[PDB]
Every structure is written in structure tokens, then in C-alpha cells.
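Next up: a single chain in C-alpha cells, the form deposited in one PDB entry.
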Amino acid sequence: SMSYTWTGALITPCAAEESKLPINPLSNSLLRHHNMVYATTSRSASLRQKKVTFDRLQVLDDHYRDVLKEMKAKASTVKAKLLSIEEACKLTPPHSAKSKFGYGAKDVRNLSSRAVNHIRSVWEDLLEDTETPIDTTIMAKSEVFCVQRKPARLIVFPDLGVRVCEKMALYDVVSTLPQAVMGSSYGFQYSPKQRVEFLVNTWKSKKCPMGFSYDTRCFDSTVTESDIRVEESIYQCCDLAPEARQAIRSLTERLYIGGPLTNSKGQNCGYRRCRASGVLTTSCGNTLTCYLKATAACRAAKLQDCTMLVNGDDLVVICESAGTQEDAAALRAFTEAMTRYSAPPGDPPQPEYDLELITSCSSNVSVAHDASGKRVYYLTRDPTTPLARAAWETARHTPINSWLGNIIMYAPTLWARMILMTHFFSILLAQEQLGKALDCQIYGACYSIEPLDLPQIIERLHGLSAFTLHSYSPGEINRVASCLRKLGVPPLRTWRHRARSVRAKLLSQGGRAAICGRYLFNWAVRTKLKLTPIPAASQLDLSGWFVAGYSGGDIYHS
């Protein structure tokens, strides 16, 4: 069937859309080539519609059916809880899209009578009605990139009342079932340090390792009605409260498998028969679907001793090499099996014999050295998108600060320490806002974080070695240097000069700011301050940070 059908009504904005990086002094101090930085808008939506609209021709076989049964026998061990209205309301981000039913996210969080009454009526409707398709809004996503232009991604989501009901029935399932089913292969259970550790240990555990990333083109459009019903069959293996079992059954048929698309103007836009990006089960469903198809495809391909790592639609496989020619032919057999399963590749996969050359979750393993000179593996990425986005967030107030999440996730990197930490600490210090909590996202979930807490967070997640790394790899240094020239970012010597300046001001303030000066900026000076375990690091409630993925799931933790 067709991933989408369209009425001809346009994908419309709900307000004025900005496509150009503003010319602002603060963002200009970070990046001078502002014309290279753009935000996607509804103006490119038709280009995306064309790419995501196609017929799916899925063929399932015995290997697929065997892997499915193995996944279900593991899902059978799960006992899932039904969330109360109150618990589900508290997981709603303060700025989540308002309901069309006379209340918003603040009303949800305050447990307002109108919000609570409507959510209860939506819940009773899911229990009684197993068929009526649930309305969804289609929007063009506003995302920032560096030129060389991507069309806007399309987001599909139901009303706020429905999103609260999704949490009541499936929050516990989507949080606990993926790890029970996929074990060590579930990527969202790892912090970046644990992801680095699993990848490195997996790589070296092979006699002659071969690895590859597998990029499925427009993964959400490749997800069929059969895939969504297969996903529910896994959810149905859980011990569930009877209303949760009914709500999962009704949600699957009324929302998850497909439904009507309404634009911002309330016009009938089309119809979806594939994965909606903005529902609670997208991350979990995508991971299970990608894991199932990839595991079955590895068997068909006869790839030896596979270790997979799955994060939604992102897939990396590390296996035992059979030889160069054997590997290349087995990879083509893998791709052919994936294509039959309705998961064709974007860029055709290529076998890799160097772990540092594999990009998975838009990241790669690299090496640096700590204070003692010992090797430290850490995750890094090309800094272009992070820097373009940090320039936008400097010139405009955004609901999510990708710079803060990037510092948290990429704390050991040369670019997050020298540029991102220096830029934002300089600005926030001048603005008396180092202690002001900001929203950022970790594995799709939203967190309210004060930048002054960054040292304990970093220590906890990456270890004290994140504050001592030096002698980064030549390939890492060159990718950073080439990015700075391309975007017109000032050179690293300018960043060192700015860091020495803010470090001095941070130290003079005492308290948490002096902790920031000591740990975050020790790299900027020759006279190193002693770095000991931060007392607050050991008490950090980092429960729920690296449990599951919630991209598009409207989740607020913290």
C-alpha cells in the first residue's frame, strides 16, 4: 500500500517561518558565514512529500518469523503498569502543543479540571471504540542545517488528550520492553561512554572484525501496516491491566497503523499508512522493527557472529569477517533481505575494517589521551550541525537548546569543550544566566538543566577524564578545522583566548561557577587546578536518562 495519499490541500505553517540565520553580534562571534545556515520550512514540504510517498511491497519469510517468535518469548517476561492520569500529565513537557479542546500543556501539568476531564473522556473513548481513525496534524518540521538544501521533515501527531492517553497505556511498555526483548543490542540503555565501551568491546571481541552502518531510506515511510500489527503482537505479550490491553489494541488500529492528516488550517490533507513520527511508540516500534528485520536479514545473508546495535531506525552491525569478497557479497545479501522486508537502503552499506570509520547515530569512535597519557575512546561527530544550531539558538530563543544536549552528550570532544562550552559560558555569565534552567533533549526526552550543574553531570556520564583529554586524533583535528573554515567559525586560538577569559570570571564568582571554571576550562591553562570527584556527582538522580528512546514521544523527564 501507499505510505501516504494526498488530497492536494497544502502542508501549512501555523505562524511566520524563519529560514535564514539572523545577522546578530553574539551568533556572529561564533559563526561568520550566516548565509550558509538555514532552517527548513513548509516551503519545501512538497519536495519531502514526493520522497516519502511510495508503494511498499513487503515479503516475510521463515527467518523473520523465527526472529519474531524469539523476540515474543522475551517480551513474555515483561509485566507493564498502567499509568494514572496524574503520572501521565507530569510526563507532558510544559511547552507541548495545546489541545484543540480548550486547554494546554500547563493545564495538563497543573491537573486542571478541564484537562483531566477531557483526558478521561479520550481514555473512555479508546476503551469503547476500536475503529474510528484518530485525527492527526501534519506539520513541516523547522530544523537548522548548513548548506551542502534538505527539504523539511514532516511531523505527524495526535491531539494532547490522546498523547496523555498513550502514556497511560504505553509509557511503561516503551520504557521497559525494548531492553527485555533486545538486551545488549538496545542502544538507548547506554550513556555515550557505555555506547563507546560496548562498540569497542564488541569490535575487539571478534577475531577479524567487520562492521557496517545500514541506512534505510525514509524509514518511517517503509513501516507497513503488518509491521505495526507485528509490533503490537510483541506489546500484547506483556502482562497488562485489561484497559491497557484495550487501549493498546484501539491505539494500534485507530492511530499507529495510519489515519487522516489535517493541516494547521484544519483542512483534510491526506492519509497515512505508515509510521507517524509524533506518537509515543515511534522510537520503540522503530527500534523493534529495525532489530527484527536486521536480525532476520543477518541470518539470510549468513553473516557470522553478529552483534547489532539499534536506536530507532539507526543500525550498526559488527561481525566476524569471512574474507573481503565473502563480506561484500554477504552485505549485498543482507541489503536484499532488508529490501524484501520493506527496508531498502539510502546509501548502500559498505563493509568497514576500522571501527573509527563507522558512523552510527551520526557519531564515531575516536581516541584521545588523559592527564597520564593513556588512551581514552570517546564518541564524536562532525560538528557542522551542532555549530549551525548553536548559532541559531544564540540569535533566537528556541524551545529546545540543542547546544546544551550536545555539550552533555559530547563533553569529551575538542569542539564541545573549546567552542560550545566557551561560547555559552561567556554569554550566560555576561547575562547573569549561568544558573537559569534550560530545556534540552537526551534520547528524545526533555530535561530542564541549569548549565552550572554541567561539571557533576559530565563527571557522572563521562568520568573525570572528560576534563583532561588532549592529543586528539589527526582525523578528528582536521574535521574540526575544515568545519571552522567552511562556516567561518574563529580559529581554536581565539577560542582558547575566550576560554581563559571566561574561566577567570567563573573562578572569581566562587560557588558553582568556580567549579565550572576549574573543571570545564582546565584545558585552557598550563597551571592545572587539581580535579577531584565532585561531591554532587555521586548524588545525581540520573535515573531515566539512559533507559529508553522517546524521540517524538512528547516526554518530559526531570
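Numbering starts at 1 and runs along the sequence shown.
A.B. asks: So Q148 and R149 are neighbours in the shown sequence, but is anything from the deposited sequence left out between them? Give the count as none, 1 to 3, 4 to 9, or 10 or more.
C.D. replies: Gap size class: 4 to 9 residues without coordinates, per the record.
A.B. asks: Report the stretch with the higher mean CA temperature factor, choosing between 468-476 and 274-282 on the basis of the entry.
C.D. replies: The stretch with the larger mean CA B-factor is 468-476.
A.B. asks: Looking at the deposited entry, does 366-374 or 448-456 carry the larger mean Cα B-factor?
C.D. replies: In the deposited entry, the stretch with the higher C-alpha B-factor mean is 366-374.
A.B. asks: Out of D239, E232, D327, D172, which one has a C-alpha B factor higher than all the others in the entry?
C.D. replies: Of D239, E232, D327, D172, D327 has the highest C-alpha B-factor.
A.B. asks: Can you tell me which of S112, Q189, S250, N263 has the maximum CA B-factor listed in the PDB entry?
C.D. replies: Of the options given, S112 has the highest CA B-factor in the PDB entry.
A.B. asks: Can you tell me which third, lowest, middle or highest, the CA B-factor of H33 falls into for its chain?
C.D. replies: Ranked within chain, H33 CA B lands in the middle tercile.
A.B. asks: Lowest, middle or highest third: where is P383 by Cα B-factor in its chain?
C.D. replies: For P383, whose C-alpha B-factor we compare with every modelled residue in the chain, the answer is the middle third.
A.B. asks: Divide the modelled residues of the chain into thirds by Cα B-factor and specify which third, lowest, middle or highest, holds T289.
C.D. replies: For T289, whose C-alpha B-factor we compare with every modelled residue in the chain, the answer is the lowest third.
A.B. asks: What third of the chain, by the recorded C-alpha B-factor, contains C298?
C.D. replies: Highest third of the chain for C298's C-alpha B-factor.
A.B. asks: Split into thirds by Cα B-factor across the chain's modelled residues, where does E124 land: lowest, middle or highest?
C.D. replies: It falls in the bottom third of the chain.
Beyond what is shown, the protein has a form deposited with a small molecule bound; the following relates to that form.
A.B. asks: Taking any heavy atom pair closer than or equal to 4.5 Å as contact, tell me whether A241 reaches the small molecule in the deposited bound form.
C.D. replies: Contact with the small molecule, no.
A.B. asks: Residue-level contact is defined here as any heavy atom of the residue lying within 4.5 Å of the small molecule in the deposited bound form; does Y472 satisfy this criterion?
C.D. replies: Answer yes; at least one heavy atom of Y472 falls within 4.5 Å of the small molecule in the deposited bound form.
A.B. asks: Considering non-hydrogen atoms and a 4.5 Å limit, does the small molecule approach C298 in the deposited bound form?
C.D. replies: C298: no contact with the small molecule in the deposited bound form.
A.B. asks: Indicate whether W523 is a 4.5 Å heavy atom neighbour of the small molecule in the deposited bound form.
C.D. replies: Yes.
A.B. asks: Among 417-425, 110-118, 256-264, 92-100, which stretch sits within 4.5 Å of the small molecule in the deposited bound form, heavy atoms only?
C.D. replies: Result of the contact check: 417-425.
A.B. asks: Scan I134, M182, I458, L484 and let me know which has any heavy atom within 4.5 Å of the small molecule in the deposited bound form.
C.D. replies: Looking at the other structure, the residue within range turns out to be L484.
A.B. asks: Which listed residue (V173, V480, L452, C319) meets the criterion of a heavy atom within 4.5 Å of the small molecule in the deposited bound form?
C.D. replies: Contact check passes for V480.
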